[PDB]
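Written below as structure tokens is the structure these notes are about.
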Amino acid sequence: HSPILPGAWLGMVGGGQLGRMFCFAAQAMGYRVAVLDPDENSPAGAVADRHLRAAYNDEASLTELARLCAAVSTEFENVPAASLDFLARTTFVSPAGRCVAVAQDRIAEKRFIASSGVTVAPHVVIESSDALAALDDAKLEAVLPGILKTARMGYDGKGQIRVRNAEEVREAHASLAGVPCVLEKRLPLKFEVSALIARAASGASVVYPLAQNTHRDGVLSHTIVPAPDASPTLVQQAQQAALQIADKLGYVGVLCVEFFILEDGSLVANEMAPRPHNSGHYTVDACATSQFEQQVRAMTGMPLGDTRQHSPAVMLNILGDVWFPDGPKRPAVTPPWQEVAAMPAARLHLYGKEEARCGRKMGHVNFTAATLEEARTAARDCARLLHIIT
Ligand SMILES: Nc1ncnc2c1ncn2[C@@H]1O[C@H](COP(=O)(O)OP(=O)(O)OP(=O)(O)O)[C@@H](O)[C@H]1O
Ligand SMILES: [Mg+2]
Ligand SMILES: [Mg+2]
């Protein structure tokens, strides 16, 4: 792969905030970015050098994108893998459709991660309604109480149903329209972390520090880096697990692997995203090379960047709920951005979305400081200010 050098066109399938941040990283290095996204008001399409407003399966637009761009990547884990393979007919596509197909499918994902030598949650695969009917109650009960999760198309905790007994499993599967699912045992979690790596076509790789992640209602709330409760041994183990997965997958791009640390201290892989990840947004303000710049470098065959963290960091997600301090049934209130910007540690990132809605990711604030405790205090003060915490 002769390197694709600055000045070239790079393609981005998906136009959310991840694609928008990719644009800034690519444009700062002198690349031009074409974003393919069906939405008029796409956050990435808004800043891209070119916006192809098209469905992800539109043949003419994929052909146009691959003709224009020397390399293409994605910011959308649920993108059709067949679209990436169609693009790969005429341009370089990083990560490959086959890699995305594994990562986007919980059944394939658990099988692949386990096959890499990495522990996953105890679970039962439910391939179909007919297959579930053939499973006896005891087989389900071994992983109960648990969570029934659709194998495809889930995000932000959607497509997941809590289940406490076999009858609830069968009713839940009908409630999910019978799609392939994984039934996972609910595990006693002590904390959650994510490993963030980038891998080049050559097999060279880089690793970020471990991120410690807190979720609210299944949605990422904040990230603390370096993970304060992860020993150097656990950090190395989680990084090595992510690199082993990426190596076996032949992955080229940025990969994020989420893990649980259980109350007994064991490390359990949860899932992986074939793309930059919300838990990696801190790298923009805290590390020499951001995850978005690694995505540029991997897809162009350029050398991977240094991951040095120059500053401890906390990322706080900003959901649309912040706009409804008097509840969702009452008028929106513009958040107090002037008071956020008055905090020395605060790095405000707003995605340009017009309509605040509850559950919608509207931006994030990174807090960097000389010490982690100062960044954490600042993130806590801002969370109270925004009514994220009491
Ligand atoms: N087996 C489990 N045991 C305990 N908690 C779990 C389990 N599976 C998921 N959770 C909790 O639910 C959160 C969301 O689950 P999961 O990662 O499967 O959903 P998602 O929609 O794919 O994720 P994301 O929030 O990254 O889009 C996990 O971070 C964890 O807090
Ligand atoms: Mg996944
Ligand atoms: Mg997750």
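Labeling convention for the structure tokens: chains A, B, ... as they appear, residues from 1 per chain, ligands from 1 in order of appearance.
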Proximity of chain A to ligand 1: per-residue shortest pair, 6 Å limit, only C-alpha atoms and all ligand atoms, as a Markdown table:
```
| residue | atom | partner | partner_atom_place_in_ligand_line | distance |
| --- | --- | --- | --- | --- |
| A:121 | CA | ligand 1 | 1 (N) | 6.0 |
| A:154 | CA | ligand 1 | 21 (O) | 5.2 |
| A:155 | CA | ligand 1 | 21 (O) | 3.4 |
| A:156 | CA | ligand 1 | 27 (O) | 3.8 |
| A:157 | CA | ligand 1 | 21 (O) | 3.6 |
| A:158 | CA | ligand 1 | 21 (O) | 5.7 |
| A:184 | CA | ligand 1 | 1 (N) | 5.0 |
| A:185 | CA | ligand 1 | 1 (N) | 5.1 |
| A:186 | CA | ligand 1 | 3 (N) | 3.6 |
| A:187 | CA | ligand 1 | 3 (N) | 3.9 |
| A:215 | CA | ligand 1 | 31 (O) | 5.9 |
| A:218 | CA | ligand 1 | 14 (C) | 4.3 |
| A:219 | CA | ligand 1 | 25 (O) | 4.4 |
| A:220 | CA | ligand 1 | 25 (O) | 5.6 |
```
Quick one: write out the picked residues with C-alpha atoms as a tab-separated table (two decimals), in the first residue's frame?
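Generated output (out26.tsv):
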```
chain	number	residue	atom	x	y	z
A	121	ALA	CA	-19.76	-13.23	29.26
A	154	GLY	CA	-28.39	-2.55	18.87
A	155	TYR	CA	-26.87	0.65	20.24
A	156	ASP	CA	-27.31	2.70	23.42
A	157	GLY	CA	-28.85	-0.29	25.15
A	158	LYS	CA	-31.63	-0.62	22.57
A	184	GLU	CA	-26.16	-13.02	28.42
A	185	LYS	CA	-25.88	-13.78	32.12
A	186	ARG	CA	-26.08	-10.59	34.15
A	187	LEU	CA	-22.66	-10.27	35.76
A	215	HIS	CA	-22.87	4.35	31.96
A	218	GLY	CA	-26.92	1.84	29.12
A	219	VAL	CA	-25.49	5.07	27.60
A	220	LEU	CA	-21.94	6.28	28.17
```
So which residues touch stretch 273-290 of chain A within 9 Å, counting only C-alpha atoms, skipping near sequence neighbours fewer than 6 positions away, as a PyMOL selection string?
chain A and resi 18+25+73-77+95+99-100+103-104+194+196+208+211-213+220+222-225+251+253-258+304-315+317+347+364-368
So which residues of stretch 188-379 of chain A fall under strand (DSSP E or B) by DSSP, listed as JSON, numbers by chain?
{"A": [189, 190, 191, 192, 193, 194, 195, 196, 197, 198, 199, 205, 206, 207, 211, 212, 213, 214, 215, 216, 219, 220, 221, 222, 223, 224, 225, 253, 254, 255, 256, 257, 258, 259, 260, 261, 262, 267, 268, 269, 270, 271, 272, 273, 287, 309, 313, 314, 315, 316, 317, 318, 319, 346, 347, 348, 349, 350, 361, 362, 363, 364, 365, 366, 367, 368]}
Which residues are near residue A:235? Cut-off 12 Å, only C-alpha atoms, ignore same chain within fewer than 6 positions. Put them as a PyMOL selection string.
chain A and resi 193-196+207-212+225-229+241-242+259+261+267
Any idea what the distance is between atom CA of residue A:221 and atom CA of residue A:168?
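Atom CA of residue A:221 sits 29.1 Å away from atom CA of residue A:168.
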